[PDB]
There are 2 protein chains.
Amino acid sequence: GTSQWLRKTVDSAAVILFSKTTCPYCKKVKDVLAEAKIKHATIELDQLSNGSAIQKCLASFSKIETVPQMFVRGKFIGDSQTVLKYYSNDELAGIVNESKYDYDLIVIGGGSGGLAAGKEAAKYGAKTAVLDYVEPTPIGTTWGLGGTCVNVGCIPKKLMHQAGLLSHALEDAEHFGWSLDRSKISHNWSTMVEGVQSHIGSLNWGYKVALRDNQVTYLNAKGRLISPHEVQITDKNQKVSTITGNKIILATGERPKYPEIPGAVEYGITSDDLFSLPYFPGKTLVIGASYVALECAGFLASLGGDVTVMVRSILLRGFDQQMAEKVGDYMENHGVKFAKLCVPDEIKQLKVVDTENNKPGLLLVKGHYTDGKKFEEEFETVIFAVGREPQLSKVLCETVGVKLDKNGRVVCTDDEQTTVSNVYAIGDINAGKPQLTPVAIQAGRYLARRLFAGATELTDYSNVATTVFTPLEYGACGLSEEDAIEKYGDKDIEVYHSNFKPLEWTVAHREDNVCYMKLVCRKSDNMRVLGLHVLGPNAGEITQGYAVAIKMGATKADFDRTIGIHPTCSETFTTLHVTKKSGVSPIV
Amino acid sequence: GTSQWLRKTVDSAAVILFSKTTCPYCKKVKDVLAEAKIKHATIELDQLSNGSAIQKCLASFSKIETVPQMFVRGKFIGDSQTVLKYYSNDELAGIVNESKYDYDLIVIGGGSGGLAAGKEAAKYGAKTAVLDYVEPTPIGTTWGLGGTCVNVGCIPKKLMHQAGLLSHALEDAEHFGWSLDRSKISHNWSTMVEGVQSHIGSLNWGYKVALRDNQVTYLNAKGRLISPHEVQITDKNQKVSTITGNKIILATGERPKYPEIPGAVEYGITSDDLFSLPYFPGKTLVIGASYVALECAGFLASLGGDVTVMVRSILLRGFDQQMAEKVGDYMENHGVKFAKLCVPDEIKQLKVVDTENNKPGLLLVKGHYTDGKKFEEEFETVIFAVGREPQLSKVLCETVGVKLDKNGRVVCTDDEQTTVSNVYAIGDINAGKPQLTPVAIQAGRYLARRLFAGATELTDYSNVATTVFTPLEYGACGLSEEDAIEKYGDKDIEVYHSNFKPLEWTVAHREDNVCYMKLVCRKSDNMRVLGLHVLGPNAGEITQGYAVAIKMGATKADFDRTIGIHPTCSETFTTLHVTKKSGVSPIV
Ligand SMILES: Cc1cc2nc3c(=O)[nH]c(=O)nc-3n(C[C@H](O)[C@H](O)[C@H](O)COP(=O)(O)OP(=O)(O)OC[C@H]3O[C@@H](n4cnc5c(N)ncnc54)[C@H](O)[C@@H]3O)c2cc1C
Ligand SMILES: Cc1cc2nc3c(=O)[nH]c(=O)nc-3n(C[C@H](O)[C@H](O)[C@H](O)COP(=O)(O)OP(=O)(O)OC[C@H]3O[C@@H](n4cnc5c(N)ncnc54)[C@H](O)[C@@H]3O)c2cc1C
Ligand SMILES: OCCN1CCN(CCO)CC1
Ligand SMILES: OCCN1CCN(CCO)CC1
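Basis of the calculations
- Residues numbered from 1 in each chain as written, not as in the entry; some residues may be left out.
- Chains lettered and ligands numbered in written order.
- Heavy atoms only, no water.
- Domains from an automatic or database assignment.
- Contact = heavy atoms within 4.5 Å.
- Buried area = accessible area lost by both parts, 1.4 Å probe.
- Salt bridge = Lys/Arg side-chain N within 4 Å of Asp/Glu carboxyl O.
- Polar contact = N/O pair within 3.5 Å; in protein donor to acceptor, adjacent residues only side chain to side chain.
- Helix = DSSP H or I, 4+ residues; strand = E, 2+ residues; numbered from the N terminus.
- Nonpolar A, V, L, I, M, F, W, Y, C, P; charged D, E, K, R; others polar.
- Pairing = 2+ DSSP bridges.
- Near = heavy atom within 4 Å.
- Areas by Shrake-Rupley, 256 points an atom, 1.4 Å probe, with all protein chains shown as cover.
- Least-squares fit on C-alpha atoms.
- Buried < 20%, exposed > 50% of the residue type's maximum accessible area, 1.4 Å probe, protein only.
- 1 Å grid on protein atoms, 1.4 Å probe; cavity = no way out; pocket = protein on both sides within 12 Å on 5 of 7 lines; lining within 4 Å.
- Points joined across faces, edges and corners; volume = space filled by probe spheres on them.
- Axes fitted to C-alpha atoms, helices over the stretch in contact; angles between N-to-C directions.

Caption draft 1: Representation of the domain arrangement of chain A in the model. Residue and element names in this part refer to chain A. With domains assigned, chain A is organised as domain 1 (1–100), domain 2 (101–256 + 387–462), domain 3 (257–386) and domain 4 (463–588). Between the C-alpha centres of domain 2 and domain 3 there is a distance of 26 Å. Contacts between the two partners involve 27 residues from domain 2, matched on the other side by 24 residues from domain 3. Summed over both partners, the interface of domain 2 with domain 3 buries about 2200 Å², with 61% contributed by carbon and sulfur atoms. The three residues of domain 2 that bury the most area against domain 3 are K157, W189 and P256, which together make up 29% of that side's buried surface.

Quick look at the structure:
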């Protein structure tokens, strides 16, 4: 296995030094390379348990068993005397730059995963290019470098959520003694958008600086993989050229889906448009029941808007359905209207958007309920949040041999390798994986280290915690209650649960017995915690730390023996005692 | 060991049933006892690995080896036929009520620990009395049932902290698009206090109802332990009587210290007075540098007050001093003045408090700095926060034989037992233990289960997480960096750290590179996490979950392999990479 690891590492690293921490010759070479500004990976064999075996195995590549040993792109370059010879003869720069390809790595896609992968690879001397292109939405919306999360996802979404949370902060402040006249307080959408967009702009710019400062080539160009090592690029001017790369990372993400009904593309918008919308949405219909749908509906209602969500069947399919119902119940009790068991048939235009005065248009939405009654109501804005999908036939020619599944996502090994052995895929287009920004980042950074620094660590995609930033937030890590029961059987599952009330809600006169948490546990495995679920404020902060404990195999006894921090919401996880099977009420 | 456990369990339980989950005779007895409203502990031997040994060992108490076996106060009462005989002859109630003592348990002190202990004990049939008396402060302040945290500690402190946090919420709201005129917004102290006190009142009342509903006797009386089983009580009317108890729990807590300087008792106040203060403090001097001092100074300044903290030497002695300095720096940058290296000499009165119009008085504080310069400044309110101390010579006669340490705290075994074998101590008066409400609660609940339900589980007092609710909150779990270095040596310690910026602070134009976190790790123990530290918003929610992982022995690798929740503050713990020894800046 050492041999297989070493051969893969040598074949793939751009520039790599096999070293020992206590060798002056190893240090001679490192100082030369640093002085010449030559970035490289380093493997200190005296820090590896099988370093002595690695050292002997190196002779199969270099005919020598000593350190240091320098490799470039699979070729043994030399020991210390040889490296210094190249340097003193001004030959070293040419040696370390020789490649069959323009780049060691081409990343197609400049989002959460691709930027993380490209930046990390460049640290080890990989000559890296990152391609990013944002295809405009149907109304023409585009944005800068950084991907979905930065421009039209997690970042603006949570900032507008915070704008919404500040509404309840204004309400609460009076009860806590602050003297303010709410009846003169209103929200200005475009002032909020301008602040959000200024921050996004600082991220776009920061990423461009980051890539420059790491000697990564950034091309604002659409990339298309035409053969395993050839990426055809089309720039702003429609100029087409081809660049070649040793390793390719596909990191192209997804875009919103539209339903195939008249008027949807012409008159509706998606989340891609919402976060830079130059007019206030006004009275809004959200069609959809995903976390995007409910998050957007939620903050729009807390900003004072007249909001309706059209739900075909259930909320948050794939999430714990008890929690999903509690999430939606809170929203309905706090101003969000729900058109349940309802689907849209047609969007018709009644007024065009006012580009000069930044006012929405007006739309007539026709639909129908399962009981046969018709839905017909006017809205100023209609947001479709009915799923997202990859768009790879734009990005890889069918002839390259990269296998997709029936949803168009890339079929990968557990080390992100596609069916084309130099081509990898990370982030939302990697089939089967949780579609989250920190997953994409960990996947890309860890992959880059395996490709170019000899690492072995894989990304662990199990028990990845999430938070839905609805008006009352929902954090989760692990299995839903229903999935646990399906997998292990009802008799092997114990669920501990409790309502709770944040201390902050007491003086503010908010609800008893609405915030809620539970631990879904496996009886036959020492009451192992299979799933953790919390509905309450700051739910992402609550949940995150428990994800470490769940990764480590926490049991109910581990939660019990831990002491709470008081007064917090999270501490209630350390004193749960009511089981669902007991039938005792969880209210407090 | 089974024999020692069984003998202790039988001797101590008030009413206990040795049972098997699948015995109809065991169920006959349980239904009788439930019908007769006889509360008891139950031990299901068929759920214990050594139940068959326990079953045989029971014959040494009962001459029989079958289940069920019922015991009362150390006496075998009978099998099923005998218990039913007592019931059918109307003799059972008398049997289960016979005791050498008025109570199975007397709790002296109705605070966090004592209420938790008393309520839990009563669940197992322990006839329980809880005594609580609040000695008035020097200005006459008193309050109701529930202890320090409920009335004059964690609960009002965090509510006033929230009032302070809402100030920054009003500031932020404008940047997020809300239109409000701050120049007409002010804070009303007494409106806030009235809300806080209404909540506290609901807790006082809830505890009284809770005790009634659990058949606990609540005596609003000062208790004094005069012999191992005799508690002398003095009621509101100065009527003195004696009650007897089998087990005694001392749970009497501490009160604020005053320095011995002229005017301190006459003209200053403490936290005991602050949380119900009927006048606004106005321009305030806090003398002290504890978490109480800094928490109180912090919220008073965020409510708009003119606040100074007088610091003799350092902040937060006993806490990580890097974090303490960052905590204080934030406060100084946000309106809190610090009189450093300064001590008070004299408080003189310039105006008496206005009891009719609810306005503060006025005080002249004279003090001196270490460089010899004099301190002389006027304040409307002076708060002493210079430590807390037990007051047990009021509570136990010296002749009883309960050993105290040199600070007046009770010297306990690891199961809370004092040097008097039926007398236990929990909470703040238990020497050496973290002085926190959830510790007191876990200690009392777990002790009650050992005394009256045959449990063996001890309270684990190690790595107890904390949060200081200063304007920028500070959460911690485990060792300070300096304590780790002292214990293991600098060469065995690695510290990973980073600044961060909450997403909520971006649009709000708050500080870069002020929030901060670190993991203090042990190199020779697989990079075990010895201490976790975070300065930032919602720090108690951030910290809590990690305390489970630290309890389980988390390493740096366990943090790394866990995926972040984005966007949160807490996720930065999952991607730390800068070490202090590297010298690389932690800024971001
Ligand atoms: C509204 C919304 C809210 C969200 N909120 C959260 C949240 O709170 N927390 C969380 O963890 N996740 C959240 N997500 C998910 C997160 O945004 C994605 O998981 C993440 O962005 C995926 O990263 P990626 O690198 O796979 O793709 P992306 O970030 O989508 O980046 C892919 C980039 O490649 C570009 N591209 C596509 N094709 C090409 C091509 N041929 N050539 C060049 N460039 C191309 C794309 O235009 C894009 O810029 C949210 C998503 C949405 C839509
Ligand atoms: C300002 C302040 C803020 C705090 N904030 C926090 C925080 O945020 N989180 C946290 O975990 N901890 C906090 N604490 C600590 C917490 O309050 C204590 O750890 C906790 O209250 C100790 O509980 P206890 O049961 O030991 O004693 P107490 O809660 O003090 O209860 C003891 C009771 O016994 C009464 N008593 C005393 N003698 C007698 C007697 N002879 N007879 C009858 N009754 C008697 C006392 O008057 C009191 O009512 C704070 C403390 C203070 C002062
Ligand atoms: O989109 C469906 C995602 N789904 C929700 C999160 N789940 C994990 C937490 O319970 C798993 C899958
Ligand atoms: O009052 C001193 C308390 N002190 C602070 C908390 N510490 C633990 C977290 O680092 C331990 C002790």
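Caption draft 2: Looking closely at the interface of chain A and chain B. Facing the 79 residues of chain A at the interface are 79 residues of chain B. Each partner contributes to the roughly 6900 Å² buried at the junction of chain A and chain B, and carbon and sulfur atoms together form 67% of this total. Together, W178, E541 and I563 of chain A form the three largest contributors to the area buried by chain A at its contact with chain B, with a combined 13%. The partner of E504 of chain B in a salt bridge is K158 of chain A, and the shortest N-O contact between them spans 2.8 Å. The interface formed by chain A and chain B contains 22 residue pairs in polar contact. Element by element, the count of residues in the side of chain A that touches chain B is highest for helix α8 (residues 154–175) of chain A, at 13 residues. Taken together, the residues of the side of chain A that touches chain B break down into 36 nonpolar, 29 polar and 14 charged. By the bridge criterion, two bridges tie strand β8 (residues 186–187) of chain A to strand β7 (residues 178–179) of chain B in an arrangement that is antiparallel. Paired with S186 of chain A across the strands is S179 of chain B, a residue of β7 of chain B.

Caption draft 3: Representation of the site of ligand 4 in the model. Residues and elements named next belong to chain B. Around ligand 4 sit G318, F319, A476, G478 and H533, and that is every residue in its neighbourhood. Between ligand 4 and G318 there is a distance of 3.5 Å, counted from a nitrogen atom to a backbone nitrogen or oxygen. The separation between an oxygen atom of ligand 4 and a polar main-chain atom of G478 is 2.7 Å. Protein burial of ligand 4: of its 330 Å² of free accessible surface, 60% is covered by the chains.

Caption draft 4: Representation of the relation of the copies chain A and chain B. The operation relating chain A to chain B is a screw motion whose rotation component is 180°, with 0.0 Å of axial translation and a residual RMSD of 0.0 Å. When the rotation and shift are considered jointly, the pair of chain copies conforms to a two-fold rotation axis. An overlap of 100% is found between the interface residues of chain A and their copies at the interface of chain B, pointing to a shared contact surface.

Caption draft 5: Local environment of the site of ligand 3. All names here are of chain A. Near ligand 3 the following residues occur: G318, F319, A476, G478 and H533. Within the backbone of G478, a nitrogen or oxygen atom sits 2.7 Å from an oxygen atom of ligand 3. Calculation on ligand 3 without its partners gives an accessible area of 330 Å², and the protein chains cover 60% of this total. Tallied by class, the residues present in the shell around ligand 3 amount to two nonpolar, three polar and no charged.

Caption draft 6: Structural context of unusual backbone geometry. Going from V67 of chain A to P68 of chain A, the amide bond is cis rather than trans, its omega being 5°. Relative to the helices and strands, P68 of chain A resides in the loop between α3 (51–62) and β3 (69–72). Of note in this structure, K37 of chain B is not a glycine but carries a positive phi near 60°. By secondary structure assignment, the location of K37 of chain B is in the loop between α2 (24–35) and β2 (41–44). For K37 of chain B, a relative accessible area of 72% gives the class exposed. Its identity is not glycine, yet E416 of chain B carries a phi of approximately 70°, on the positive side. In this structure, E416 of chain B sits in the loop between β21 (388–390) and β22 (423–425).

Caption draft 7: Expanded view of empty space enclosed by the protein. One pass over the full model with this rule turns up five cavities of 30 Å³ or more. The calculated volume of the largest cavity comes to roughly 1200 Å³. Forming the boundary of the largest cavity are 47 residues, of which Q162 and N538 of chain A together with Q162, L165 and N538 of chain B lie nearest the centre. Only α8, α16 (504–507) and α17 (539–551) of chain A together with α8 (154–175), α16 (504–507) and α17 (539–551) of chain B provide two or more residues apiece to the lining of the largest cavity. Residue composition of the lining of the largest cavity, by class: 23 nonpolar, twelve polar and twelve charged. For the second largest cavity, the calculated volume is near 50 Å³.

Caption draft 8: View of the sheet that holds strand β27 (residues 528–535) of chain A. All names here are of chain A. What the five strands build is an open sheet, ordered β23-β24-β27-β26-β25; its pairing is antiparallel. Unpaired on one side and paired on the other, β23 (466–468) and β25 (493–500) mark the two borders of the sheet. In this sheet, neighbouring strand axes are inclined to one another by 15° on average, regardless of whether the strands run parallel or antiparallel. In this sheet, β27 lies alongside strand β24 (residues 474–478) in antiparallel orientation, the contact comprising five bridges. Following the sheet pairing, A476 is matched in β27 by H533.

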